[PDB]
Every structure is written in structure tokens, then in C-alpha cells.
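Let me begin by presenting the structure, written as C-alpha cells, before commenting on it.
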Amino acid sequence: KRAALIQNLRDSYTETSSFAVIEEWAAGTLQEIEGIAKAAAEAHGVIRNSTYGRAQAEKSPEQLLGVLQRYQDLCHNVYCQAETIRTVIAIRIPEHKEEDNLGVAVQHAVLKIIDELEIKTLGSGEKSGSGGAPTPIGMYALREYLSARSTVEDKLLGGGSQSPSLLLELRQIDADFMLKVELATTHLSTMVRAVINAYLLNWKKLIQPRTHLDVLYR
Amino acid sequence: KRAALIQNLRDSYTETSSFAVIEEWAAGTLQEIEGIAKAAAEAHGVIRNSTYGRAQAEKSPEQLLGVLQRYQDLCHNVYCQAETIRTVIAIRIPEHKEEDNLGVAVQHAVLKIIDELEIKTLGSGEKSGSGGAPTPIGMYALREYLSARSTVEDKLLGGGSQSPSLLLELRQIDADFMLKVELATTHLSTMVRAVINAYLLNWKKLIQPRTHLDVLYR
Amino acid sequence: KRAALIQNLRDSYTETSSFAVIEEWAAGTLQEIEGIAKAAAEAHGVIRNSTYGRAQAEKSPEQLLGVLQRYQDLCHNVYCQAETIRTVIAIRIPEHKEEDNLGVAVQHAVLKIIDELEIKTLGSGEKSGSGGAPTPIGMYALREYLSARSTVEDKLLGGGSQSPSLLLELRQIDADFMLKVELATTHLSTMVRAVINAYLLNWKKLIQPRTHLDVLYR
Amino acid sequence: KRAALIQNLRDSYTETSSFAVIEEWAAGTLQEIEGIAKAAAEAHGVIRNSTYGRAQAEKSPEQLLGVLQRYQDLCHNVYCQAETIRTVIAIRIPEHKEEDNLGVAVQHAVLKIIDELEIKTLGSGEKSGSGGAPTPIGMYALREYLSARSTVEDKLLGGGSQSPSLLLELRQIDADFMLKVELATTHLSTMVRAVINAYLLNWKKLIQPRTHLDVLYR
Amino acid sequence: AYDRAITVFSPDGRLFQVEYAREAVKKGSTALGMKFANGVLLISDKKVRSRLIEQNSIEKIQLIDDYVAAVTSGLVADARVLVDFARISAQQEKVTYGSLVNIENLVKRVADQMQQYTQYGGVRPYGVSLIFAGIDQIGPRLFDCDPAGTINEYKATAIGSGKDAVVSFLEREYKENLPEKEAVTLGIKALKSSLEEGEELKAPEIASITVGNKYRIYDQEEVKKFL
Amino acid sequence: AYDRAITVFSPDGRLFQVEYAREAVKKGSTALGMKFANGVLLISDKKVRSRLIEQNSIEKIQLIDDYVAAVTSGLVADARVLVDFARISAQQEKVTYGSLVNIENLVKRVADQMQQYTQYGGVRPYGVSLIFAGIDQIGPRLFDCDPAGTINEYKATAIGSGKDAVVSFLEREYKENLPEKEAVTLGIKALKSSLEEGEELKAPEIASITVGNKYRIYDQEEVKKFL
Amino acid sequence: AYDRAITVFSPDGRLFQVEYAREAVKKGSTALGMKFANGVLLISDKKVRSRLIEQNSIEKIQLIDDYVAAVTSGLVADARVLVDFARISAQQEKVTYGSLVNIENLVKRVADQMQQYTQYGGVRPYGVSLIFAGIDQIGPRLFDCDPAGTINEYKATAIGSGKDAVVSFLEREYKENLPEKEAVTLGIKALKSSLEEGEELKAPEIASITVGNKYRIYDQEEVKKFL
Amino acid sequence: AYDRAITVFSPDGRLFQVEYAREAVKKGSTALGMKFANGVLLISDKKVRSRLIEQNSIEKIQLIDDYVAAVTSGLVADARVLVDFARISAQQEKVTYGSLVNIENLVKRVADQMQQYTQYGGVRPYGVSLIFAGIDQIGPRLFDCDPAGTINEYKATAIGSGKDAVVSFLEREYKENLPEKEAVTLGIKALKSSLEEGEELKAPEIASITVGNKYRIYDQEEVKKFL
Amino acid sequence: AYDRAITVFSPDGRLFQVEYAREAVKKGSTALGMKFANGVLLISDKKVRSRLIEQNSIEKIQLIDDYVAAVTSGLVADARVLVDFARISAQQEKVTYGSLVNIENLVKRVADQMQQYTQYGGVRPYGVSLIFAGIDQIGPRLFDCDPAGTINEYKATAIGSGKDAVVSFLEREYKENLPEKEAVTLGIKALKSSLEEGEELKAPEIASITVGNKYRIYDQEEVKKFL
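Residue numbers (the numbering used here), protein chains in the order written: chain S, 2 to 219; chain Y, 2 to 219; chain B, 2 to 219; chain U, 2 to 219; chain C, 50 to 276; chain P, 50 to 276; chain W, 50 to 276; chain Z, 50 to 276; chain R, 50 to 276.
Here's what the structure looks like:
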């Protein structure tokens, strides 16, 4: 039975599923973001003060790995939660018509902002488009870091490399990747707040994008 | 005979062919996806806890290869099934006209969302476009993984490489590829549900996109 | 004489030329595709069961080369046949006007779907565009395979390479290239059926895209 | 309670939050930018006068690092502050409708100019789009510099390199990176002033993009 | 596209705005009429909307005169305006000739008005179908009429959402010249046929007229005995 | 889209401009009417806007004649023009026949004007709903009327922003043939039901008429005793 | 493009809306007429749609007067309105001069009306073709008429979906001055010619008139003897 | 968007072109009126534009008759055309009944004209608001009127740019039944309230009328004593 | 672009819709007229379309009165309506003055009508050219007339597809004051000139009038002797 299939779909991802997500975003998530932001800024301070020598190319700084993993963990929960909201809307996109699409436009509008969050802000795709990646740092931040650092480490170890700037770059890779996290957290917070507001103002039409007024005909 | 050719085409790919696919998606497929999601998250837990040494570059982790092959297998069936639905619609796109295309629009609308599934979500093409690849991980996930790992393995074996970060990257390749599967399965689920809804609400016009009312003329 | 030149063109590529192609596609071609699909799936089964050692990097698997060459041979005939259909339409595109283009639109519409078949589905160009290549595997499939394998072979032979994952990749190249053929054949079949339907429903206007009714003037 | 959630959002990022940013930009920020511009131009003078020898490839010029880090620090505060403004607007984008959007357009208009500042002028993303990077130098200026220099340093040290032009390039990297900062600061200043004006002229509708006149109905 | 104005033919020779006007008719509740032995009848479904609406208020069978009745389906405002036009048009015929000889011509006059609004720009079609049933100097008559201005004379027909279920069902069961009491049963069966899955059929309206007599409206007590 | 012109059907058979006209009605303050024992009454909310506006100025219950009243909701200018039209239309019936026998026909004449503006291009619909209540040779009567020209006779009904809260509440509590004093209470309860969260209900208007009598407007002192 | 308005010439000097109006004509069932020895006849296909439709209801040959008939094809509402206009136009000529001397002029008056609706904005053309057949002071006459307002006099002609099959067939078999009984056979052969693949030809309508006489409509028993 | 044509409702039921017409009103200079003990007055700001303009030329208080005056704000050409209409409408009432009994009806006739231009395509609304003040058989009256055709009776009101500052100020200070000399002061205070930052208030116009009397226009010497 | 409406000048001062109307004229078959010794003649090609069309039906030379004839080319419906207008216009002149003194003025009246439809929106131009030939108190006259309303008097001219071939050929061969029998030959040569590659010229129409006489239409037996 076809109506029963749809109904099972919608019963399983209700408006309280998506509201649940938004409550967490206004309380828990924004606070964990800000905490990551302070940890990353604090780790930046440490590194701005350090002078770097070959000593530093023999050890991956566990403070920075810490910050970076913590951030990847948040982006993971935010992506999974965004997708709950997206599911709740996508399964309520009604029959395709060339009319009565005032609600369907609200749906496509909000789904688009969730796309922006997931694809662009969280930078979650394999290859980002020709839109670039506008976010300072992706989900796969830890990997980008280790990779950028481990090339610099090879060159500095091996007769190492006698480039004085290459030594400073190792430091700059640590500094910049902590900055990139401060920045990315700020930007993520705006986007998370933007979505909270988009959702709360529009939820009624996200669930019921049409009303069936039959009062003119008999 | 021309009508007979079309008729043989449509007789062999009926609406029950495509409905068949949608029932499986609502029951079997979504469950198998979630199971892959939990397997991949569990494997991520293991790896977050491991400290890695050259020991680990001498052996490809059979847990991760397992998860990845299982996911590739699902994507294979979902692509082949998507294509059944697509065939059912594509052979019922009627004569080209500049009118009566209210049904044709529903067809192009739904075919477009199946394109999005196959090309973009399942990331099934050779080279993805300048749209990027927004899906966290493709079909050819196993290959991407072995390839990314086997470069890091060469560098660590050979005087290996003394880069401390390069050792952590090996780990991060394992961690990230499991994450990428958790994320891709979540995103695939949304898309599969979206299509279930698209189809069930629109099937009537996907099969008969025009009705031949001749009641005004004599 | 100008009318005689056009007439020789059209006499030599008639509607029976293009109908001939479509009969073959509905009978012979779709069946040869499905056969390739089963040969490739069967070869995939073999490889999923094999454990791979350096032994395998010393010999190109004649089963896979077989499947791949067979598929390239089909794509070759389909391309050449698609181009017959395309010729039949292209030489009947009438005088350019800003009116009476209801038929011309049917022509541009069907030619476009044949472009999609040749350029995108059969992936027959040198460099594919920024549309990417959405087809799982091109015409030049054999070449892609040998090339992808022969780089892995070199690394494994030469002290070879001691990467455990590189050995598995050799296997995965064989597995994935067989999968890619199963997928490509499914996708090609849809497109071939789509064209069969496009053509049979629209042929009348593909040949005569305008009717010269002079009944209002004297 | 839903109204209470929105209200907490808007209470925490008021119009004084955003006005606060704009006062700083008009007084402090534009002055700190000009100061950086003069430091960078002065360091360019020094370098135009220097003849370079292998001596110079053994030391990273602490004057230039100084200028560059100072600039990165400004760009950091300007990004974080832009994001305050952007938050204030984003959380006051009202219910989605196909009408009464005269205010919403002012919002989208000014948000778009803040996007231009952050993404393009401050060049703050990982990968810039196919719009290119029109700004002379990004946030991650220090890193670009060290990296460009440290490749030239390796070639000049190691039998070094005997290329006379390669020696001049080392100098040109120092010269050009200082120029790039003069230019970027000039361009940033324009954009900061443009936003000051955009904001002060439009703030009323940025906060209340709709007025609820109910005076025609009863 | 060619569907934005009543005065515009599509390239295949279609007036799409007229066809859409017809879709308004499908949103009305089902009604049917059928000819029987020396008579004709109308039946119409009553989808009760609320306790708070008066029942003997807008029900759908309307006498045009003592010997002619009509059911409508579609936009209710337009139905009203067309019934009131039909009524006036009947009285004009009676003042000109002292008697309505052929009902076909009353229908034709109404259909003409409807067609007239599918040829001039600046007006929209009436979104209504009607059934006309009554007796005249030819015999019992059953007609229908659509937004386009199209007429057909029927032995049995329906209008409304459940039209197809009902026309399909009468296509199989209908017999000419039943007695009144059986025609009414057959009608009710047809109507029940059109609902989905064990859904209630509450009291419809039934009106009948037999040669030599005036119209009679069944009251709901009499109507119940067929449920 | 198909929602830019009153004369254009959507492909599903919808006149969107009419439906939008109906949204204008929702911006008005709530009003209700109900039938009781040998009588009918109207109640209407007064959202006081300012000390500076005269109270006995534009309030919403208007007598059409001595035995018929109306409440409106929607654009106030259009309400005015329709009430004045209704008033003239009543007097025309009285001059033609010496008495308004059925109020249904006064409403029908008003509704017809309203429908007429949903069929011709170059005019917009009236953005108003009305309730008509009064006594006539049939008994007490309660009607409503909307921008589309759609009529219904009710036992109780509402119009305005709080329509749904009120129709919902009467659906559960309304009883036929209460005494006047209780009908008025039940009405006030219904109205209070429609406000959100411990919000004040300031003095509404109430007007009633009982068979054999003329309309009477409650003065705000009498009205207070129900708050 | 230049096909959205009746008043707009394309750059090659085409009124596309008129041409599209003509496509409406092709959706009607086939009908033909032919001149014979001292007479003229009409034949028209009856595509039976249902047991439930009355047969002697809308069939397509209509007498304009006792000596003149017409078949139509295209939109049925518009056909009706044009046949009724043709009937009224014939009576006007009879009141002015006491006799319809040349039928050409009745057709010309109808065609003029049809052309008029292909020159002014705000009206759409009539989507109908007609054939006019009858006897007059010149002799037997056969004409056709299209949405554009274009007239031709024929010896034989057809209108409707199967026009081309039928005009093609008569182009090869038609002879002047056959007897009535053979012209009718030839006609039926032409009509059969137009169906595809061993498809049934159910009872058509046939009407004929011969000099000195009135029109006669063949009843379906007489018509069967030619199947 | 839905704001390009007066006849088009937005989907929320808004006539945007009317609302924009209302924005024209805000560009006028402020004016106010208030009721007092047995009287009513008007005050209007005079933004002097040049030495070269005659002062006793277009000032904004206009007598409609001896007992009724008006201030306008908005497009000056449209204000003129409405005042002249109001004047002619008052004289028609006087010729029909020999006296203007209720001023509400003069305002209603003007408001009706204004509303009429918000329902038909091919006209734009009048971009004006008016205040009407005067005495009649009910007492002193103060009304306003806007582009939409919307009427309200007030105790005090304002129109023009400084409307809100002034309605806000009277909402706090206004008392019923002041003497004339104090009302005028209170008015002048209200007006001063509406200017920004120690900006001059040059001589406004003031006109008053008290029961039993005719209108009187303060001359600027008398007006100064309140600055 | 500036070619969608008859009332719109292009920037170079062109009415493109008129020019396109002219392209309708080129689709008609060729026709020519020429003056000769004390006379004028018209010749027109007959592209035979079918055995089944009556030949003495719509042929293209039409008498306007006994001394004036016309050929047309372009839309046949519009030709008809203009010829009939020309005929009525001629009779009006005859009833006002008892005789058509100058034919130039009949043509002027027809051309004026044609021009009128190139200045007002909501009408399309007539897609027709005409030639007028006849005798009057000035002598033999030959005129042409186009969709724009443009008149020229000619010694010889043509209209239709083959206009240019024919005007080119007469530009080289035409001589004033031939005898009738030679003018007709010269004409036929001109017409043959316009066909491509050994293509048949079937029987054209020829009509001639000489001073002092009435028009005479050559019958096809007489016409053959020039082939």
C-alpha cells in the first residue's frame, strides 16, 4: 500500500525530530563550538611564543592534534544532525505541480541553507566545486594538517634541509592551523544561528507546505 | 511495426518493476545502510584508541576493508536499482510538443533527482564535474583508500621515513575513511528517502504524463 | 544544381537508414549489452574470491581483457550507428527562420539526446568537459585499465614494493574495472531504450519538420 | 518555547553589537591598516636597495615576517568582526515569503558585501573559487611567503645553484611580498569603508526588514 | 506556453484554459441522473461538513421550473449564477410561447452563455458542469453541460469527482425502462461504487418526475429506505 | 505561475487571486453569530487602538434594515461599500414587493455582486466576508458570504482572525434553542477561547433580534455583565 | 515568437493563431459531401462513444433550412453556435427577399463572421470547419468553410481527421453525375478508405437532396444496406 | 512580485499598490485636528519654501462649506481634485435636503470615490490623506480618510510626515473638553514635539469652529501669540 | 525587437508588422493588368489544385461594377472582405451622385480602410494587394493597392509571387496603345516569363474593357488561342 509507505517514512522523522536538533544547536552545540574556539586561540598563543628548531620536527604537538580532533568531532555531529533536518523536509516535498508552490519554495529555500552548511561551511565533500572552499578549514582538518606538516618534516630530517624559512614554515603550519580553527568556528556559529532562525520562523510551512481549502467548490 | 516495438519496451519495464525497487528501498536497503553506518562508526572507535607504529604500515586493516567493500556493494545495488526506475520513466517520455507538458515536467523533475542520486550521491562517474563531488566518499571507495594508504606505506617502509606526522597520517587515513563512510551513509539515506517520497507521490503521472480527453470535439 | 545536391544527400541517408539502426538496437544490441553485463559480473565473482600475490602482477588476466575488449567493440558499433541517426536528422534541418520551428525543436531535442549518448554515455571524446564524465567507464576502457594496472605492476616488480595495500590495489583495479563494466552496461541500456522511444514517437517530425499548407492564400 | 529561542538569539546579538564593530572600523581599524601599509612600504624600500648574495638565503628577514604577521593579525580581527555583523543580520532574516521582501533585499545586499570582504578581500578560504583570488595577498600570507622562499632557499643551498636569476628571485620574493601587502591594505581599506557606508545607510531595514501596518483591515 | 489566456489556441488546436476550467468541475461531489419508465431522476451526494451547517441549505438539486431540475458541480458561486440564469431563461420561453416545448432549447440557451465566455478575452469560463432533467412534449429528457458549452443527451450520466466510477458502473448495469423504485436502487448502487474502502454513504438527495406529473423531492426518511 | 490574474484558472482548476482575496478576510478581528430560541445574535470583537478614536465610530455590526444586521471582516473600505450596497438592495426589494420575505435573497443579491468581480478582468474581488443575521417569514436566519461569492446558512459561525478557534469551540459546546441570556454567554466564551495566553477581552458589540421584534444593540454597560 | 496573438503577422506573413485554430478542426470525425446527378449529399462518421449516449442526440448533419444542410468538425460548442448563426442568417435572407436564391451568399455571411474573429484582438477564432450542401436557383451546391473564413465550392470534399485519405481517394475515383445510390456507395468507400487496419465502420449519417425536392435523412436501417 | 497592479492581491491578501499610495501621504507636512469643548480645530504646518511664493496662496486648510473644513497631505494635485469634489458633494447634499445633517456622510461619499480607484485596473489611487472637521446636527466631528478609502472618527488625529510624533504626544497629553485657547496650545505643543533638534516652528495655520457658529481662520498675528 | 505590434515604429521609422503583412501578398498566384488602345485588361494565373474543385468557383477577377474589375493576391478571406467592401463603396458613390466619375476615388476609399488598420492597436492589417482596372470619365484606369494603404496608377503592373519576373519583363517589352489582341499576347508572354524551367501555363483568366463598352470575361475556349 502506497499511502502506508509514505506514512511510515513521515512517522519516523517527525517535526519533533528536527526540533530536537534545533534545541541542541541553540544550547549545547554553540557552546561546544565556542569552547573549541578558545582552546584553539589558546594553542595559537603558545605557538606564537615558541622558537622552533629541528627538535620540533621530531614530535607532533599533541595540543594541536587535540584541538583539531575535537573540532572534527563537532562537525561530525553537526553534519549528522543537519541531515536529520534535511530528511524531515525532503520527505514532505509534495506532489510536483506548477502551482500552490508557495510552501514548496520555503522548503527549497531552507534545504538550500542546509546544503550550504554541510557542503560549504563544514566542507564535507571529497572535491569541492569551482565555488572554491570558502570555509577556512574542512572536516578533514586533521588529515590536511598532518599531511602539510609531514612533508615539511621529511625535508627537515631525511643531511636535513638548511633553509631557515622552511623551519619557520613548520611553525607557521602549526600557527595557521590553529587560526584556521578559530576562524572556522566563528563562521560555523553564524551559520548555525542562521539556520536556527530560518527553521523556527518557517517550520510550519516546512511540514505542511500546502493547505487543502475546498470551500469554493461543491 | 513501430507501436509493437514501443509496447515491448514498456511491457518489459512496467510500473511494478519500479515499485518493486521502492519497496526494497523502504524495507531492506535503508536498514542495510544503517548497519554499514554502525559498522563504520565502530571501526572508527577502535582506530581512535590505537597508537600507530611501523607495525601498522605492514598490514592493511581487514576491519576497514570489510566496511568499505560492504558499502561499495550496497552502492552497486542502489545504482542498478535507480537505473530500473529511470528506465521505467525514460521510455514513457512522450512525443515532444510545446504543450501538455505538465506530466513531462514531473518526469524530468524525478529523473533529475535520480541523476543526483547516481551521479552525485553515489559518485559513480569517472571524473566528477566542476560541480565537485559533494558526497564524502564515492562508490570506488575501496580503491581511493588503498591508493591513499599505499603511498603513505611506501614512504614509511622503502631507511623508512622519520616524519612523526607521516605516521599519524597513516592512522588518520584509516580514521577518516571510516568517518567518510558514516557520513556518506547518512547522506545516502536522506537521498533514498527523498526518492521514495518523490516517487510515491508522483508515480501516476510518471507512467501516464498525458490524458487524452477528446470530449470537446466532434 | 543546388536542389540536386541536397536531394543526393537525403536519398543516401533515408528514414529507413535510421529505422534500420533502431530495429537492431531493440533486438541485437540490447542483448549483446546484457551478455557483456553477465560476463563482467561473472569475472567480478572470480576476482572477489582470489587472494593476490606477486604471481598476479606478472600476468594480465585474459578474462578481464576479454570482457573489456568486447564492450569496447559494442560501444564502437553503437557510436557509428548513433551517427547514422544523427546524419538522417542533421541533413533535414530546414531553412533557418524565426517561425514554424515546432518541428525543428523536435529535431534539436532528439539530436541532443544522441549527443548525450555519444559524448557522455559512451564517453567517446579525448578530454571530457567540465560536465565531468558521468559514465562509469569510457570507450577507451581497455587503455584506462592497462594503464592503471601497469603502474601498479611496475611498483610491485622493478626489490619490488613491500606495501600490503598496494598488492590489494592490483586486485581492486581488476575488481573495479569489472564492476565499472556492469554499471556502464546498465546505464547504456537505459540510454539505448530512451533513444528507441524518443525516435519511434518523434520520427514523423524528424523527417518532415514543417508542412507546407498554402490553403489560406490565393 | 519557540519565540523565546529566537528572542534569546536576537537579544545576544543586537544592533549595538554590530554598530560597535562599525565604530571600531571607522576609528581604530583603518588607522592600523594604514600603519601596516607604511611599514610594508618602508620594508620594500630597504629591499629595493639591497644587493643579495647566498648570505641572504641563510636567514629569514625579520622585518618582513614582522609586517606580514601584523597584517595577518588585522585580517583575523576583521574577519571575526565581519562575522558579528553578519550574525546580527542573518538572525533577523524573516519568514520566507514571495512578498514584502523590500527589506529582505537590503539584507541580502549587505550580507553579500560582507561575503565579498571575508571570502574575497581577506581571502580566507582553503581553496578560492573559479572567481580567482582578486586580492593581492590572503590571510595566510605568512605561510605563502615562507613556502615560496623556502623552495628558493633549498635550491640556492643543498653545490648550491649557480643561476644568477634564481638569486634575484629570492630578492624579488621579499620585494613582491611587501608590495603585495601595500596593495592589499589599500584594497582592504576601500572595502572596509564601503561596508561602513553600506551599514550606516541601511541599518534600519537590516534590523526591521518589515513593518506590520494592519491599518486597512478590521 | 499557450495556457495563460482563454483566446489562445495551442499549436495542436487546444484551449487549455477551458480544459483547466473543467478540472474545477472534478472537485465537486458526485451527482447522477438517469431515465427510466416514463420518467427521469437525479441523485446527488451530500458530503456533510459539520453539525453547524443547515442541511436544507445549499443542497445541489434545484428546480428550474415545476417540470425541470438541475444538479451542478464545480465552483459553487458560478453554479448559483448559472442556475438563476437557467431559471430566468425558462420563464422567458414561457412568456414568449406559453410553454417550454423542448428542454433541449433551455439547455442550449444556457450552454450558449457558457461558450460565450470561452471566446472573448477579459472573461473567464464558468467552472461548472450541469445536469438537466425533466419532462417535455418530446418525453423525459436528461442532458449535461460543461464549462466549454458542450451538450449531450444521456440515458444516464454523472458529474463530479466520482464521475468515472459511476459512468463505468452504469455502463455495465444500466437497463432502459426500469420502474422508479428500481432505478433509484441502481442509482444508489452506482454512487456507492464510487467511494473508496468501506466508506459511509450518508443520505443523498433524490428527485424524480414521471410523465404527466410534477417533480417530487424525496425527503430524507424516504431516501433512507434505499441505504 | 497562474496567480497573477482573476480570470486565469490554474491547471488544477483554481482561481488563486480569489483565494488570496480570502486571506484579506483573516486580518479582520473576529466576529460571530448564532441562532437561539426564536432569535439570532451577533457578537464582534473591538480591538481598541487608541484613546483618541471615537468608540461609537466605526464599530462592525451594521443594521441593513430594522430586522436584518451584518458583521464584516476584511478590507474596511470594501466592507463599507458592500454594506451600503446591501442596504440599497434591501430597500429595492421592499419597494418592489412591500416586504423582505426571504433574507436568503438579499444575501444572494450581495453574493452575486461579489462573484461578478471574480469573473471579469480589470476588477479585483472584494476582500471581505460578511455575516447576515435577521428574522423573516421563514424564521431566524444566519448566513455568511465570502470574496468568492459563496453562501452558507449556519446555526452558528464566525469570521475573522479567530474564526477557527471559535468554529472549533462551538462545534463542541453549541446547543440549539438556548435562551438569549445563555446564547450570549456561550458566544462570549467562544470569543475568549480564541485569544492567546491570559490576554484581556475588552467590551465586544452584541446585537440581537427575537421573532416578532426589532433589532436591539446592547449598550456597553449591559455587555459588561457577561465579561 | 509570433504565434501568441491573432492580430500579429509573422515575418513571412502568417497568422499562426489561425493555423492553430485549423488544427482544432482535425480532431473532429470525418465527414464528406459530393455532388451527383441533379443532387448533392453529405456523409458523416459516427464514432460511438458509449451505450449510454442517445444516438439521435448530437449527430453532426444539421438542416439549415429545408433545402440546405451542413456538417461540422472541430470544437463542438463553436460548431453549434455557427450552425445556429447560419440558421438565423438563412431566415433573414428569406424575410428580406422571400427566398434563398444563392446559397453562396449564406455561406459568405457565415464565413464573414468567422473572418471577423481573425482580425480583432480580444477574440479567438472559431475552431470549426463546415460543409454546406443544398439546392438553389443555380443548382446543387457544395461548399466548405474554415476557421480563417475561407470559402471554396467543391464537387466533392471532406473535413475532419480523415480528410486527406478521403480527398485523396475521391481524387482518383470520383465521377460527375452518378446516380444517388452509386454516389452513396462511392462515398462509403471513400470513408472506409480513411480508417487504419481492418477497423470497423459503424453506421454513418447520410442526407441527400435532389433538384425539385426537399432534404431527406437516411434512417440507419436504409444506411446499413451500403455497409 | 505582486505590487505592480492595483487589482492584484498578494498571497497574504495585500494590495501593495494601495500601501505605496499611502507612502505618498507621508511626504506631506504635518497637520492635526482635535475636538474640544463645544468645538473642533485644525492646525497645519507651513514649511516656507521661499520669499518669492505668496503665503495666502496654497495653504492647506480648505473650507468645504461654512461649517466644514479639511486638511490634506500627499500629492498636492490629487488633494486639490479631492477637496473640489468634497465641495461639490456637500452642495449636492444641501440641494437634495436643504442641510448637511451628518458630516459622516460627506466623508463617506469622498472615501467611496477614493476606494473606487483601488478596485479597477487602469486607474491609480489618490495619493492623499484628509482630515475633515466641522459641526453638524450630531455635534462637533473629526474624521480622517486615506488613499484606501478608510474612515475613522477621532478625538484628535494627525496626518503627514510628523504623524507619529504627534499621535504619540496626544496619546499622553490630550484631554477632552478643554477650552479653545488651551486646545490650541496643546496642539502647538504636539506639533513642536514632531520636529528634530532645536528646529524653528514658523507660523502654522489654525482654524476653529464652535457649536452655533461659523468657521474662523486665525490670521498670523493671532497665531503668533501661541509660539 | 520592434516588430510585434502594428502601432510601434522601429528606430529607423519602420512599421514591421505592415511589411510582414506585405509578405502575405507574395504567397498569392501572379496577376497582371495593362492599359492598351482605348482599354485596359487583367490577366491572372489559375494554379489548378484538384479535379475536385469547381473551376468557375473562386477565380480571382471580380467585377466591382459593370465598368470596374479587381484582382487580388494574399489571404483569400481578406481579399473577399475587401472586394465586397469595394463593391458596396462603389454603389454608395452611385447613389450619392448617380455615377462613378473617377475610379481613383473608389480605390482611395478602399485604401483608406486598409490604412486605418495600420494605425490602431487591436487590429491586424489586411494581408492583400489589389489591382483595380476600369473605364471612367477620365479614360481607362489601372491602379494597385497594398496592405499599407498605398496607391499607384500604372500603365502595366503585377501582383503575386511572380510580380518581379513580370514587372521586369514588361519594363522591357511594354508599348503604349497596342491593340487588344496583342496586349493580351504580351501579357501571356509576361506571365510565362515568371514560371521556372519548362513548366506548364494552364488556362489563366482574362477580362477586358474598352472605352464606351462594358467588361467582358474571356471564356476558357477563347483564352486557349493565346497559349
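Just so it is clear, CB atoms sit at the ideal spot from N, CA and C, and this is done for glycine as well.
Contiguous beta strand (DSSP E) elements confined to the region 135-197 of chain W occur at 177-185 and 188-194, taking only those with 3 or more residues.
Residue pairing from DSSP places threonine 206(P) in a beta bridge opposite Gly82(P). Within chain U, not a single residue places a beta-carbon under 9 Å from that of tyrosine 223(Z); the smallest gap is close to 20 Å. Burial state of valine 89(B) is buried, judged by a 10 Å Cβ sphere holding 16 or more other Cβ atoms.
Put simply, of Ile120(Y), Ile37(Y), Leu10(Y) and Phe20(Y) the residue whose alpha carbon is nearest the alpha carbon of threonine 186(Y) is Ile37(Y).
Chain order gives the chain W residues near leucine 101(R) as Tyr203, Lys204, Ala205, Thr206, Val216, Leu219, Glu220 and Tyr223, where near means a beta carbon separation below 8 Å.
Fewer than three pairs of CB atoms, one per stretch, sit closer than 8 Å, so the region 196-207 of chain U makes no contact with the region 142-158 of chain W. Counting only Cβ-Cβ distances below 7 Å, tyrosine 72(Y) has no contacts in chain B at all, with the closest Cβ about 13 Å away. Contact annotation: the region 118-125 of chain Z touches the region 196-209 of chain Z, with at least three C-beta pairs closer than 8 Å. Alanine 58(U) and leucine 157(U) have their C-alpha atoms spaced approximately 7 Å apart.
Nearest in C-alpha terms to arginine 219(U), of all of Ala80(P), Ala70(P) and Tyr51(P), is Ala80(P).
Taking a C-beta cut-off of 9 Å against chain S, the contacting residues of the region 54-85 of chain P are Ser59, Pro60, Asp61, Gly62, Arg63, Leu64, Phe65, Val67, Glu68 and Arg71, listed in chain order. Not one beta carbon of chain Y lies nearer than 7 Å to the beta carbon of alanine 91(B). When rounded, the separation of the alpha-carbon atoms in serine 78(Z) and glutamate 96(U) is 35 Å. At least 7 Å separates the CB of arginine 211(B) from every CB of chain Y.
The residue among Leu240(Z), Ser99(Z) and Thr199(Z) with its C-alpha nearest the C-alpha of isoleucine 107(P) is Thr199(Z).
Cβ-Cβ separation between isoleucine 115(U) and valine 196(U): approximately 7 Å, consistent with a contact (criterion under 8 Å). The DSSP assignment places 165-208 as complete runs of the alpha helix (DSSP H) inside the region 152-209 of chain U, in order along the chain (cut-off: 4 residues).
DSSP places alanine 58(B) within a helical segment (H, G or I) once states are collapsed to three. DSSP, read as helix, strand or coil, puts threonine 136(U) in coil. Using a Cβ-Cβ distance cut-off of 8 Å, the region 185-194 of chain W and the region 147-166 of chain R are not in contact, since fewer than three pairs of beta carbons, one from each stretch, lie closer than that value. The Cβ atoms of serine 59(P) and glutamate 84(S) do not sit closer than 7 Å to each other.
Under DSSP, the beta-bridge partners assigned to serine 93(P) are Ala80(P) and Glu254(P). With contacts defined by Cβ atoms closer than 7 Å, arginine 172(U) and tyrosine 53(U) form a contacting pair. Counting only residues of its own chain and dropping the five nearest sequence neighbours on each side, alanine 54(Z) has a CB closer than 7 Å to the CB of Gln66 and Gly170.
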